[PDB]
Amino acid sequence: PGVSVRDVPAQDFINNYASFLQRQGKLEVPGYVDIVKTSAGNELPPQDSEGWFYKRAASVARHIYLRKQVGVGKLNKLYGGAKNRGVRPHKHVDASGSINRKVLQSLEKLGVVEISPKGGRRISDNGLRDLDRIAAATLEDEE
Amino acid sequence: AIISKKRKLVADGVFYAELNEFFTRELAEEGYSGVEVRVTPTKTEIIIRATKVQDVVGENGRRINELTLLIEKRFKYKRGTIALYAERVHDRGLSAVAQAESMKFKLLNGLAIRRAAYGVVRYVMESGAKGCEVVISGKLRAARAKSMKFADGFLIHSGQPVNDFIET
Amino acid sequence: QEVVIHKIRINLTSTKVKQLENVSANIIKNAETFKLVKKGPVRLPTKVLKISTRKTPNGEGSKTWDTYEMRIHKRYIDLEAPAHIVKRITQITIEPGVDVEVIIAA
Amino acid sequence: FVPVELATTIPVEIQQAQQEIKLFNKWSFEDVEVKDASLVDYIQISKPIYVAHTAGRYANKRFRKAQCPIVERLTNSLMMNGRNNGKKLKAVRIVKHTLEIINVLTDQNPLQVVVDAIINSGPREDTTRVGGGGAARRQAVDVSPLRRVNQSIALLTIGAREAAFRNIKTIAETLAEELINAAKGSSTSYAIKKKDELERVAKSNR
Amino acid sequence: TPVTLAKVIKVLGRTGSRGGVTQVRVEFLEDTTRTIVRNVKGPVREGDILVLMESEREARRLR
Amino acid sequence: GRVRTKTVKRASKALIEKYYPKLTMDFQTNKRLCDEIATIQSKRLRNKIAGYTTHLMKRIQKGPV
Amino acid sequence: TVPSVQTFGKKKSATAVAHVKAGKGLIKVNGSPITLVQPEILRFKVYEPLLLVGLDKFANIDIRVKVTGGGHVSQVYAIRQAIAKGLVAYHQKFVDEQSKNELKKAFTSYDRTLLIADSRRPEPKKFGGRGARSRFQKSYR
Amino acid sequence: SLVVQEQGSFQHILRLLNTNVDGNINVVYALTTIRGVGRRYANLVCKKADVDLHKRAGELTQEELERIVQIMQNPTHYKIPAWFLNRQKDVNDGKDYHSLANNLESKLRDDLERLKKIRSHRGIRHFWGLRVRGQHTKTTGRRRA
Amino acid sequence: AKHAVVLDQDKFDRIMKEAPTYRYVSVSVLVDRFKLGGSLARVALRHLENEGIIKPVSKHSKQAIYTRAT
RNA sequence: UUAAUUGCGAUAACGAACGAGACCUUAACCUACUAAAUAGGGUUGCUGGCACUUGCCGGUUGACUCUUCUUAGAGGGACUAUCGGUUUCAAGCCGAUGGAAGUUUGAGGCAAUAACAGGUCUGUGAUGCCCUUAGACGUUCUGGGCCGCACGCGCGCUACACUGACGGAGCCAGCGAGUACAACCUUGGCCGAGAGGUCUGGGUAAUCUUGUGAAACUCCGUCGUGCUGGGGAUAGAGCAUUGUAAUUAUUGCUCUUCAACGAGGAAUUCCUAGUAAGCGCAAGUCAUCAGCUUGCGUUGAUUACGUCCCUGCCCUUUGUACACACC
Ligand SMILES: [Mg+2]
Ligand SMILES: [Mg+2]
Ligand SMILES: [Mg+2]
Ligand SMILES: [Mg+2]
Ligand SMILES: [Mg+2]
Ligand SMILES: [Mg+2]
Ligand SMILES: [Mg+2]
Ligand SMILES: [Mg+2]
Ligand SMILES: [Mg+2]
Ligand SMILES: [Mg+2]
Ligand SMILES: [Mg+2]
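This deposited entry lists cryo-EM as its structure determination method and 3.6 Å as its resolution.

So, the pattern of salt bridges
The final tally for this structure, using the stated rule, is 34 salt bridges over all chains. Close ionic contact of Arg 9 of chain C with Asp 78 of chain C constitutes a salt bridge, the shortest N to O distance being 3.2 Å. With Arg 9 of chain C in strand β1 (residues 8-13) and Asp 78 of chain C in strand β5 (residues 75-80), this pair connects stretches of sequence that are 69 residues apart. Residue classification places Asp 78 of chain C among the buried residues on the basis of a relative accessible area of 15%. The partner of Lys 35 of chain I in a salt bridge is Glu 18 of chain I, with the nearest N and O atoms 2.7 Å apart.

What about a positive patch on the surface?
Judged by side-chain charge, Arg 57, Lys 61, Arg 62 and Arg 64 of chain D, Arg 14 and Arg 45 of chain E together with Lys 12 and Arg 120 of chain G come together as a positively charged surface patch. Secondary-structure assignment places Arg 14 of chain E in strand β1 (residues 4-14).

What about the interface of chain G and chain D?
Taken together, the contact pairs 31 residues of chain G with 29 residues of chain D. Around 2,700 Å² of area is buried between chain G and chain D when both sides are counted, 69% of it from carbon and sulfur atoms. Remark: the boundary between chain G and chain D carries 0 salt bridges. Counting every contact that joins chain G to chain D gives 8 residue pairs in polar contact. Mapped onto the side of chain G that touches chain D, the elements with two or more residues apiece are β3 (27-29), α1 (43-53) and α2 (72-93) of chain G. It is α1 of chain G that provides the largest number of residues to the side of chain G that touches chain D, a total of 7 residues. The class makeup of the residues in the side of chain G that touches chain D is 18 nonpolar, 4 polar and 9 charged.

Overview of unusual backbone geometry
The omega torsion across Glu 199 of chain D and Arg 200 of chain D is 25°, close enough to zero to call that bond cis. Its location among the elements puts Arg 200 of chain D in helix α8 (residues 190-204). For the bond from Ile 13 of chain H to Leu 14 of chain H, the omega torsion is 20°, close enough to zero to count as cis. With respect to the secondary-structure elements, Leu 14 of chain H resides in the segment before β1 (15-16). Here the phi dihedral of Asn 24 of chain H falls at roughly 55°; this positive angle occurs in a residue that is not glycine. On the secondary structure map, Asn 24 of chain H appears in the loop between β2 (19-20) and α1 (27-33). Judged by relative accessible area, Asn 24 of chain H falls into the buried class, the value being 8%. Positioned with a positive phi, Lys 89 of chain H is a non-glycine residue whose angle comes to about 80°. Judged by relative accessible area, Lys 89 of chain H falls into the exposed class, the value being 64%.

Here we look at helix α5 (residues 113-127) of chain B
Working note: α-helix, 3.6 residues per turn, so residues spaced by three or four point in the same direction. All names here are of chain B. Over its 15 residues, α5 extends 21 Å from the first C-alpha to the last, a length consistent with the 21 Å expected when each residue adds 1.5 Å. Buried within α5 are the following residues: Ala 116, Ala 117, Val 120, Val 121 and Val 124. Taken down its axis, α5 places every buried residue within 130° of arc, on the same side. Those residues of α5 that are exposed and angled more than 90 degrees off the buried face are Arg 114, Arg 115, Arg 122 and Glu 126. Considering only its buried residues, α5 is in contact with α4 (96-109), β4 (131-138) and β5 (146-153).

Considerations on the side chain of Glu 72 of chain B
Residues and elements named next belong to chain B. Mapped onto the fold, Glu 72 is located in helix α3 (residues 63-74). Buried within the structure, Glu 72 lacks any salt-bridge partner; its nearest side chain of opposite charge belongs to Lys 73, at an N-O separation of 4.6 Å. Setting aside anything within four residues of it in sequence, one finds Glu 72 in contact with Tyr 77, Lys 78, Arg 79 and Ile 82.

Some details on the protein's contact with RNA strand J
If you check the shell around RNA strand J, you find 266 residues, and the closest are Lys 37, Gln 47 and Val 87 of chain A together with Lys 9 and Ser 42 of chain F. Backbone atoms, meaning sugar and phosphate, form 75% of the atoms of RNA strand J found within 4 Å of the protein. Here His 63 of chain A contributes a side-chain N or O atom positioned 2.9 Å from a phosphate oxygen of RNA strand J. Within the contact set of RNA strand J, a phosphate oxygen lies 2.8 Å away from a side-chain nitrogen or oxygen of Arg 121 of chain G. Here the surface near RNA strand J gets 10 residues from one element, more than from any other, and that element is helix α3 (residues 44-61) of chain F. Taken together, the residues of the surface near RNA strand J break down into 73 nonpolar, 93 polar and 100 charged.

Description of the nonpolar core
The biggest cluster of nonpolar side chains holds 90 residues, and the ones touching the most others in it are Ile 43, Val 114, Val 115 and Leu 179 of chain D together with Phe 58, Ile 63 and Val 65 of chain G. Discounting residues that sit within four places of it in the chain, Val 114 of chain D has contacts with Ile 70, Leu 74, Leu 99, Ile 102 and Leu 179 of chain D. By size, the runner-up hydrophobic cluster in this structure holds 31 residues, among which are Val 5, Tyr 79, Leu 104 and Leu 131 of chain A.

Some words on a negative patch on the surface
All names here are of chain A. A surface patch of negative charge is lined by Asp 12, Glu 140, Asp 141, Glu 142 and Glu 143. Top element by residues in the negative patch is helix α5 (residues 125-142). It accounts for 3 residues. Mapped onto the secondary structure, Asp 12 falls in helix α1 (residues 10-24).

Comments concerning the arrangement of the chains
In this assembly, 9 pairs of chains are in contact, and the pair with the greatest number of contacts comprises chains D and G. A gap remains between chain B and chain D, with no contact made and the closest C-alpha atoms lying 31 Å from each other. There is a clear gap between chain B and chain G: no contact, and 20 Å between their nearest C-alpha atoms.

Description of empty space enclosed by the protein
Within this structure, the stated rule accounts for 5 cavities of 30 Å³ or more. Within this model, the largest cavity holds a volume of roughly 100 Å³. In terms of lining, the largest cavity is formed by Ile 15, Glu 18, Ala 19, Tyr 22, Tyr 24, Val 25, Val 29, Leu 30, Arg 33, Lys 35, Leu 48 and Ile 54 of chain I. Among the residues forming the lining of the largest cavity, the class breakdown is 9 nonpolar, no polar and 3 charged. There is about 60 Å³ of room inside the second largest cavity. Among the elements of the structure, α1 and α3 (62-73) of chain H are those that each provide at least two residues to the lining of the second largest cavity. Top contributing element to the lining of the second largest cavity by residue count: α1 of chain H, with 3 residues. Split into classes, the residues belonging to the lining of the second largest cavity amount to 9 nonpolar, no polar and no charged.

The rules we used
- Numbers given to residues start from 1 along each chain, in the order its sequence is written, and need not follow the entry; residues that have no coordinates are not shown.
- Throughout, the order in which chains and ligands are written sets their labels, letters from A for the former and numbers from 1 for the latter.
- Part of a larger assembly is shown, with all reported values restricted to the visible chains.
- Hydrogens are left out, water is left out, and the side-chain values use all remaining heavy atoms of the structure.
- Salt bridges are defined by distance alone: a side-chain nitrogen of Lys or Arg within 4 Å of a carboxyl oxygen of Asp or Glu.
- Every helix listed is a DSSP run of H or I at least four residues long, and every strand listed is a run of E at least two residues long, numbered separately from the N terminus.
- Relative accessible area decides the class of each residue, using a 1.4 Å probe on protein chains only: under 20% of the type maximum gives buried, over 50% gives exposed, and in between gives partly exposed.
- Residues qualify for a patch when their relative accessible area is over 30% and they have no salt bridge, like charges being joined within 9 Å and the nonpolar side chains of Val, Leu, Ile, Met, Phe, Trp and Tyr within 5 Å.
- Where accessible areas are quoted, they stem from the Shrake-Rupley method and a 1.4 Å probe; at the residue level, only the protein chains shown are allowed to cover.
- Working convention for charge: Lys and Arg count positive, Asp and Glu count negative, and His plus the chain ends are omitted.
- Each charge is placed at NZ for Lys, CZ for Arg, CG for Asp and CD for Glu.
- The contact criterion used throughout is that any non-hydrogen atoms of two residues lie within 4.5 Å.
- Here the quantity called buried area is the total loss of accessible area, with a 1.4 Å probe, experienced by two parts when brought into contact, counted for both.
- Within 3.5 Å is the distance limit for a polar contact, defined as a pair of N or O atoms, with the added protein rule that one can donate a hydrogen and the other accept it, and that residues adjacent in sequence qualify only through two side-chain atoms.
- The nonpolar class holds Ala, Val, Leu, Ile, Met, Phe, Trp, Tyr, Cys and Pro. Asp, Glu, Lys and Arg form the charged class, and all remaining residues, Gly among them, are polar.
- Take the residue count of a helix, subtract one, and multiply by 1.5 Å to get its expected span.
- The directions considered for the arc run from the helix axis to the C-beta atoms.
- The nearness test applies per residue and asks whether one of its heavy atoms lies within 4 Å of the molecule or strand.
- We define a nonpolar core as any set of buried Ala, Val, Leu, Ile, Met, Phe, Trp, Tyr and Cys residues linked to one another through side-chain atoms lying within 4.5 Å.
- Using a grid of 1 Å spacing that covers the protein atoms alone, one calls a set of points a cavity when a 1.4 Å probe fits there but cannot get out, and a pocket when the set is open and has protein on both sides within 12 Å along at least five of seven lines; lining residues are those with an atom within 4 Å of a point.
- Grid points are joined across faces, edges and corners, and a volume is the space filled by probe spheres set on the points.

Here is the structure:
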């Protein structure tokens, strides 16, 4: 046999990663938690509020696993969306700049993210271990 | 220069289209038709088709050497890289613009407008056209405007066989 | 004595296709006579230039439009060949209209 | 029977509901015979398909709309209104839940209730406006027979959307109830009442 | 409700002042060989079947 | 709305006139037979000619016309 | 060296390239397996070609796909058409033709295109309107 | 998370800051009901109280209400960045401040007066009862205040 | 307002007595018995899947159907 | 019959041209060619992690090779093809089979005769003649003004929510476009809740921006049908950015304000398939502004596949004190 990351669906993975981060509690805090919009178009901050950021960095981690060299802006642009701009139509604008940077900076210290050449960030050795274990753990919950 | 490929080729087309309209206005007396601008390395062959070729040349480098320097001062070039050659037209009747400037002159000079058209049509049929037309408009006598139409043979208006065949 | 291969790329960009394709055929046929290692006539995507414009001057009557566009045919013929053989293939194989051009620097 | 080991592991529940029987999404597609000519060879359960979604070049010839599955026509009619125009994915989800409601509702195959609903809600005779000098006299004309199918399909989902507007009762909960009321000929639903309204309008103009 | 189950033999052209109606001759299923030309609202093909309340009442071309 | 044009029907009438032989019922043969003889500029037009020639051959089997 | 085919698949403008191989039975897409896809309701539409023919054909045949262009439900249909051809191209190449006919017979009876490359490309949104056919809104009041 | 066990029935309204805090519902959306609070500010305030947003909070503890009210009164003392405010930058050289109740509607009426005193192109248009921010009312809105 | 939003212990007890032996179980069908509002019913549906008692059929956000434990 | 004066056919007409068609451009098919480290894959090197057997995912322009996808040349391919009825067993139409394509294959591009007192003298050193021609109606600066509002219509956008809203999470496009004499697109890194700064690059462009990981969508939660968390208008204050200059908010962002409006009367617009409808992108104008627009791709139905009932047009016969032609 052979265990892998993808066999676990992304919804259940990020939840299992979030719970994994809550068990440690050493992912770190940015300093703007629940005094923050998250997306520059978004009338209400995160509803889960407390926690939340652990689901966020898990999401950035699995995106950086899947892709070659993802930076800040590409995350912003990915995680952005539709402004309820008014009686005018919608537009796309990239999500909050700093928060995603604080997600990345925190993931660098833990050892999930590694700095890549050319432009952006890639994955560490010890980051890949936790990804695979969390994948193995969620597969056991399904069985 | 260097500019982008897509901006150079549009600036070349403009440059040509400027030159084209200059030589329409400047070489009216000479009976000019069209330019064929070739752009090789170092030299660029700006060929100019016209009826009265001896008038375009002048007296062995005179009018062409005025115009070469004019093209250089418009578009920043140096002497040597631009070279003018005034050639004859292979059958003048087939080219529409040549006939246009002849009809232009015949009206300007003083001639019967109807017969001016009929004479130029007969010339075009003699040269070797499957068909032809002349529309002349405005006020050919009287105050109120008219069009007047003088033609011969098969005239295709529609389809692509138009850009290929009919010189307008 | 030299045999110093600089790796030269040839640029062929133009509007007309039947000239361009004939020009591109002429260079590879010269490469076959001079017998060089070369990548074939590579064909890059055609940048179509779309000037949208209302047909009218006055902006009155019905609202009609003309997409006045320009075809462009960007091609490449990469040579693994010396400087002197490139100087030959620049001198010959020159047609009107098509923009022959050399990069020369790998 | 016989769960074959593929490298990309498939769940045990999915591997069972495969191969041996030509099922629907999870449960079987068989049975659901109409026993009422006109609607046979148009309300086609005879064509077995596993999901209520196709590309389906049915809108081209003329009678290719008949060969389309009845479940897709329900997702298709559920797409009405500009808020929900396009978006089959949502409608397929809604069609999934209506059938799950009917499976819970007194057992029974849910496609039977879907088809039994369409049969009752199809009008027999419908009036069309004739000129006839000037006044608005309406001759009773016979309906035939995709038009009965097509009008019933809309009539059903109109009963759903009318109930759905300003309501807890989810479009699937409404539609399933409309199908249930149309299966057990009750005349409480919008599809049956509107069938009855025209019928009535057919008898008056004869 | 006494229903008469009817069946098509020939579509007798598209009729009516408006386009959405059709004259069609009908050989009904039970008790065959009693042909009646009755109108039709929707799309039709030969061998189709018609559900209707009122059968024996022949219709004409609508003005 | 597939009614073949005049030139199609005019040529194909003049084609079968001059070449009843060299026209085997089926299309692809008659198609290649058309491009041999008559000097068509188009592809579609040539294919459409061949299309009528065939319909003339298939009538020819069921008596004259 | 091993017996392999590179079976493409297409819808609107989506493009899936299903490589097929010999082995245990991988059916992967961009690295991730068959089981995900992740429009979720149309998981079963990419299971359709597998269940029709049977899981037994995948004990030998090992598929792997890479999808580009289009949207979600298109790329599903791109994958889906890359899969159905994947088997037929393998059964045409390295297995009997009677099986490949039995595949095509099963595909044609339950034909939601699958083997047939889909025809429909978008009409240009020509002027005097919002879309292609859809005109503006004249007024004479 | 948990359905309301125990006797319950702990007051339907609930008055706060001379205004009606609606019973049941939620803190955030009972706060919006107060004249001067919105959705994003009230969600900011609920964080400092450490009450669940899932809870209905018409059955609140009295000490929790006193925290909330103090958070409304004082921005700078508590952890509020101080440009998340209703008013900011006002009087001569000093501090930002805001209100969220009867204090705010009075402050707005005082700022409306301040605009009327200065007689600005905004303030002149407030006197008319018309369109301040250069919006065209050639066609739109033929009823008005 | 049409009421049926107020939370009580008397209403808590009636929901538990009105739980077992019920074909349809969803957010709509609880509210159709003039019960606690949409989400309060939705929360009440969540408690009825704590330790069996009512088992699930669908799992969707708003389309959350359940049925009694047979 | 045809979409077509498109053809059969009957025939003082016969054979012709124009227009239609053909043509052209584009969008559809090629495991059949020619091609690629600016397009993508396979083995293998080094190398990251796993289960720990051989196996799985990778990351590297380390090698070697391939052209399915990709481009894009050159070709072909569809002809209503084959079969069936149906029709003077004609022109053709209708249904099955295969076939990428069976709606003129889809869409446009050009588009005749004759004109119209249509519109343009505000695109024009295109222009006749009346205007003017230094207190210029020339030019040029400087401030305004076109945007004002009792009120009429006309395109548009946002909504009147539970097929929802709001959070997260998942996360897939295509047309494009873009600076070296300027100041363009602007990744990557830090600062900032934002907007936006800054350093640095890459890119004159299948190479960098850019997989423009766009939106609507899909999943799990919060509210449940109350002018409610629907709906965002009006407002106040600040924080940004363009420009010499922003008040008559340029735009963006911040928090606050929470108005009208529970699907709209008489009327009438648009539409027959990858269309309508939704959704966003995109260039155009642009220093700065998108509710606009010409393009683009995503989601993708309903209902005909007819008829002359209305509307318009066209012929034809008929009438006509009309021919500046029903004003
Ligand atoms: Mg909105
Ligand atoms: Mg012609
Ligand atoms: Mg044409
Ligand atoms: Mg066409
Ligand atoms: Mg005029
Ligand atoms: Mg003038
Ligand atoms: Mg104006
Ligand atoms: Mg318009
Ligand atoms: Mg790009
Ligand atoms: Mg409100
Ligand atoms: Mg008209």
